[PDB]
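S.K.:
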Amino acid sequence: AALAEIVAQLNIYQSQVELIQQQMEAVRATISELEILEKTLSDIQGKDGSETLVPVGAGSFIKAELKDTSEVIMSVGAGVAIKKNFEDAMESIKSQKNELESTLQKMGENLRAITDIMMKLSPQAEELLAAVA
Amino acid sequence: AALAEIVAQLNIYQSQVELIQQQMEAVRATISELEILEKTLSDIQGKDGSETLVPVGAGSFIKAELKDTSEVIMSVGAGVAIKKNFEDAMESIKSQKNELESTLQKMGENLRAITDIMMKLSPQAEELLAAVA
Amino acid sequence: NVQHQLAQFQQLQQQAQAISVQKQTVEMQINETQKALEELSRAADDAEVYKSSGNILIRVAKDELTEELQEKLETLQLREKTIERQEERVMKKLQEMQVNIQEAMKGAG
Amino acid sequence: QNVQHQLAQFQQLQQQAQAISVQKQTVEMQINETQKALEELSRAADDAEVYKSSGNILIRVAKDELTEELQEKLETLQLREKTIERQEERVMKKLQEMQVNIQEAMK
Amino acid sequence: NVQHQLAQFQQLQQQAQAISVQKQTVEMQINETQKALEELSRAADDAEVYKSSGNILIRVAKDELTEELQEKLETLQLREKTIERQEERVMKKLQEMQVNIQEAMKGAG
Amino acid sequence: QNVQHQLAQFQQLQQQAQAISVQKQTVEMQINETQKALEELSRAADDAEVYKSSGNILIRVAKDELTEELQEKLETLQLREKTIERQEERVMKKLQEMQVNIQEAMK
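Chains as they are written, first to last, in the deposited numbering: chain C, 5 to 137; chain C', 5 to 137; chain B, 6 to 114; chain A, 5 to 111; chain B', 6 to 114; chain A', 5 to 111. A prime marks a further copy of an entry chain.
#1: By Cβ distance below 7 Å, which residues in the same chain neighbour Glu32/B in space, the five residues on each side in sequence not counted?
#2: Give me the chain C residues within the contact set of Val54/B, using Cβ-Cβ distance strictly less than 8 Å, ordered along the chain.
#3: Give the secondary structure of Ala135/C' by DSSP, where H, G and I count as helix, E and B as strand, and everything else as coil.
#4: Which whole-angstrom value is the C-beta distance of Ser58/A' and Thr73/C, which I expect to be below 8 Å?
#5: Along the segment 58-85 of chain B, what residues have a CB closer than 7 Å to any CB found in chain A?
#6: Does any C-beta atom of chain B lie closer than 7 Å to the C-beta of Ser46/A?
#7: Counting C-beta neighbours from all protein chains within 10 Å, is the total for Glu79/A 16 or more, i.e. buried, or is it exposed?
#8: So, do the segment 95-106 of chain A and the segment 72-88 of chain B' have three or more beta carbon pairs nearer to each other than 8 Å?
#9: Using 10 angstroms around the beta-carbon of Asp47/C, count the other beta-carbons present and answer buried if the total reaches 16, otherwise exposed.
#10: Give me the residue from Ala109/B', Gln10/B', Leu74/B', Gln107/B' with the minimum Cα distance to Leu45/B'.
#11: Check the C-beta distance from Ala85/C' over to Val54/B' and give it rounded, since I have them as a contact under 8 Å.
#12: Could you say if the segment 88-100 of chain C' and the segment 103-112 of chain C meet the contact criterion of at least three C-beta pairs nearer than 8 Å?
#13: In its own chain, which residues sit with a C-beta less than 8 Å from the C-beta of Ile35/B', not counting the 5 before and 5 after it?
#14: Roughly how many angstroms lie between the CA atoms of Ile118/C' and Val11/C', to the nearest whole one?
#15: Starting from the beta carbon of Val80/C', find every residue of chain B' whose beta carbon is closer than 8 Å, and list them in chain order.
#16: Between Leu17/A' and chain C, is the shortest Cβ-Cβ distance under 7 Å, so that the two count as touching?
#17: Taking the CB atoms as reference points, tell me whether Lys87/C and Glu69/C' lie closer together than 7 Å.
#18: Select from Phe65/C, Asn15/C, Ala134/C, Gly53/C the residue whose C-alpha is nearest the C-alpha of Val80/C'.
#19: Counting only beta-carbon atoms, is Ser46/C' nearer than 7 Å to chain C?
#20: Identify the contact partners of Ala49/A' in chain C, using a Cβ-Cβ distance below 8 Å as the criterion.
#21: Please tell me whether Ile61/B and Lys56/A are closer than 7 Å, where the distance is taken between their beta carbons.
#22: Measure from the alpha carbon of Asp50/A to the alpha carbon of each residue in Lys56/B, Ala41/B, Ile63/B, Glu43/B, then state which is nearest.
#23: Consider the Cβ of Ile88/A': report whether some Cβ of chain C lies at a distance smaller than 7 Å.
#24: Give the straight-line distance between the Cα atoms of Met96/B' and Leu23/C, rounded to the nearest whole angstrom.
#25: With a threshold of 7 Å between beta carbons, is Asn60/A' in contact with chain C'?
#26: Would you report the Cα separation of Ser58/B' and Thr71/A', rounded to the nearest angstrom?
#27: Does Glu42/C pass the burial test, meaning 16 or more other C-beta atoms within 10 Å, or should it be called exposed?
#28: Taking Cβ to Cβ, would you say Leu38/C' is nearer than 7 Å to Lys101/C'?
#29: Less than 7 Å between the beta carbons of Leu104/C' and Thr34/C', yes or no?
#30: Which chain B residues sit within Cβ distance under 7 Å of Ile77/C?
#31: For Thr38/A, which three-state DSSP category applies?
#32: Return the first residue and the last residue of the beta strand (DSSP E) that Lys56/B' is part of.
#33: Using a Cβ-Cβ cut-off of 7 Å, state whether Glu69/C' counts as contacting chain A.
#34: From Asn15/C' to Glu9/C', what does the alpha carbon distance come to, in whole angstroms?
#35: With a threshold of 8 Å on Cβ separation, who are the neighbours of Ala48/B' within its own chain once the five nearest residues in sequence on each side are excluded?
#36: Between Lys56/A' and chain B', is any beta-carbon pair separated by less than 7 Å?
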């Protein structure tokens, strides 16, 4: 009788577990991009004048010469970008990664609780099912 | 009786219509990228020495100076790339777009036939249903 | 008609919901403007700053850029306050109209 | 043409009508972004440092050259918006015409 | 055992399927190599050509690059022929083993 | 710990075992690509024109500098592969241990 009540809510939880798993990926995705960004800025230090090839689409690349490699124009929100030196730039990137990591730590907990309570509701839905049949 | 035979095949067709609709998008996607590529190569002609900003991730850009803008290194398959001048490059791009367009023309037909035959099977599945009930 | 008042009461509940959304949106734009102004103030007075407008990016004097964001920030804050004030009126008009129904129902007598 | 195929065309037309409505929203968006860029440019000095977007890169260009390019782009987009609206009206007309040819075929 | 021959016959049917896949794969690599060699021959003798190997791109003499692809092309074609030859043997061994079952079934008598 | 939670850990471990198997395939792939690049480089002349990949751009670098970087990368990846295999064995051990603690709890 009260079986459907459980077999039903274990969904609003299974529909929330998968949502958080998704949001955690986006965050991991962002962290990845920031890591690649860190590698590129590191890789160009001391390379003023070095040639570079820029991918412009469908496997095609054009030539350019790196310029003022110790500087990088960074977006800070609301349509604004600021030119920053290498150390400052790497510092902002690490701060953002840390923040996102921290956000990932927190999302992990939320997912735990949910998975936990689901564990205590299943033993009940299984014994109610044994009753109806 | 023979209703399920129809209500069943209209799926292998509905499962093939959506597949082609998908493949047609990929093709449109490729065409789009080739169009953006054409714009960039056009936009840089005559700009040797002009500064450019290259997106390197998460809203960040670095500086470079365009070099030998009338040339572009293009991928031709099997791990090989060839440096080509502007006219040759634009010529290959148009050829590929044409080919993909042509491929799009063909995919369109295939989708038509399928949608057409589905139209002749439904009038039957509807009258068989009226019989069973 | 009592059913005409239920509808008006319900249309007003949706407005309250709409206004609630505008408020969340304005708050977000305020946070983003604040975040950008914070970055700009930590940069040196001669830092090179840029403004993106559509498909273009243009270098602009930092002092003009700061003033521009300050004005947007201040206009958004005033907007937020105007919204909350409209919010309260709606809630009052709501709790009100509810009463006018909670009794017009005991129709006559 | 039987009512079944008549109805199929009507829904096909509705499909067109929606795809056109999507192009309409996009061009409007593109027009507004272009006018904004033109506005910001008008304020800057002639020697301003500006870059235009071109796919995977931004290219530095003089303010006057960019102003002319954006003006042409704006004009092409406004003509595009005009074309889209005329097509939208054509489809709406065909929709109402097809619904009438369907109501009179049902009785 | 007749059921041991059915299994062997079935295991051989899967092999035929596997080999069929290897053949489609080799054909694809042949088309791609051919397409690249065609591009290289239309380019001038002093065209600058490059080879990608993993995450690196390196400029290489066009005549060495052409020879390298030619060798890969020729080795793949020989492979394709070897595959088709294995294919025929399998099909024959198949039509065969089928016969050995199509009669071992009428067991004794 | 009841068999229900015991089984939950076992499946959790299987999850780990599969994620580790995916890292293992990736590092192997990365090792092979690095060794290929090293091979091609060994053939080129010291003044060869070579570019290394760094996210959204390729950077031109001298052959000797790139050879040392790829050698270090290869060594870090091979150590990574060694670490992954040791972890894989640890999880396999824990899996068999958990299955035994489950079979003996069922009777």
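Every residue, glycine too, gets a C-beta built ideally from N, C-alpha and C.
M.R.: Per the coordinate set shown:
#1: Close CB contacts of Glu32/B within its chain, under the 7 Å cut and outside five residues either way in sequence, are with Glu85 (chain order).
#2: Within 8 Å Cβ-Cβ: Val84, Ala85, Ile86, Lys87.
#3: In this structure, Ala135/C' counts as helix in the three-state DSSP scheme.
#4: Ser58/A' to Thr73/C, Cβ: 12 Å. No contact.
#5: Closer than 7 Å at the C-beta level to chain A, one finds these residues of the segment 58-85 of chain B: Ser58, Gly59, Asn60, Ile61, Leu62, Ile63, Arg64.
#6: Not one beta carbon of chain B lies nearer than 7 Å to the beta carbon of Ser46/A.
#7: Burial call: exposed.
#8: Cβ pair count under 8 Å is below three, so no.
#9: Residue burial is scored here from C-beta neighbours: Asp47/C has at least 16 other C-beta atoms within 10 angstroms and is therefore classed as buried.
#10: Comparing Cα-Cα distances from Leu45/B' to each of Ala109/B', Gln10/B', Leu74/B', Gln107/B', the minimum goes to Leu74/B'.
#11: About 7 Å; that satisfies the 8 Å criterion.
#12: No, they do not touch.
#13: If we look at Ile35/B' and ignore the five residues flanking it on each side, its Cβ neighbours are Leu78, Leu81, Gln82, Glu85.
#14: Spanning the two alpha carbons is a distance of roughly 15 Å.
#15: Here the neighbours are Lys40, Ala41, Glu44, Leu45.
#16: No, because no Cβ of chain C sits closer than 7 Å to the Cβ of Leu17/A'.
#17: Between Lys87/C and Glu69/C', the CB-CB gap reaches or exceeds 7 Å.
#18: Selected option, being the one with the closest Cα: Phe65/C.
#19: At a cut-off of 7 Å between beta carbons, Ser46/C' makes no contact with chain C.
#20: Here the premise fails: no neighbours, minimum Cβ distance about 18 Å.
#21: Against a cut-off of 7 Å, the Cβ pair of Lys56/A and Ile61/B comes out as a contact.
#22: If you compare the alpha carbons of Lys56/B, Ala41/B, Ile63/B, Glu43/B with that of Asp50/A, the shortest gap goes to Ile63/B.
#23: No - not a single Cβ of chain C is within 7 Å of the one on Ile88/A'.
#24: Going by the C-alpha atoms only, they are around 51 Å apart.
#25: Interface annotation, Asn60/A': in contact with chain C', CB-CB separation under 7 Å.
#26: About 13 Å.
#27: Classification of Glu42/C: buried, given that the 10 Å Cβ count is 16 or more.
#28: Their beta carbons are under 7 Å apart, which means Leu38/C' touches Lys101/C' by this criterion.
#29: In this structure, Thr34/C' lies closer than 7 Å to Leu104/C' by Cβ.
#30: One finds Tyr55 in chain B with Cβ atoms closer than 7 Å to the Cβ of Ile77/C, taken in chain order.
#31: The three-state reading of DSSP puts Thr38/A in helix, counting H, G and I together.
#32: 54-58 is the span of the beta strand (DSSP E), which, as asked, contains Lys56/B'.
#33: No, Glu69/C' does not count as interfacial toward chain A.
#34: If I take the Cα positions, the gap works out to 10 Å.
#35: For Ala48/B', where only same-chain residues beyond five positions count, the Cβ hits under 8 Å are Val54, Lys67.
#36: The beta-carbon of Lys56/A' is placed less than 7 Å from the nearest beta-carbon of chain B'.
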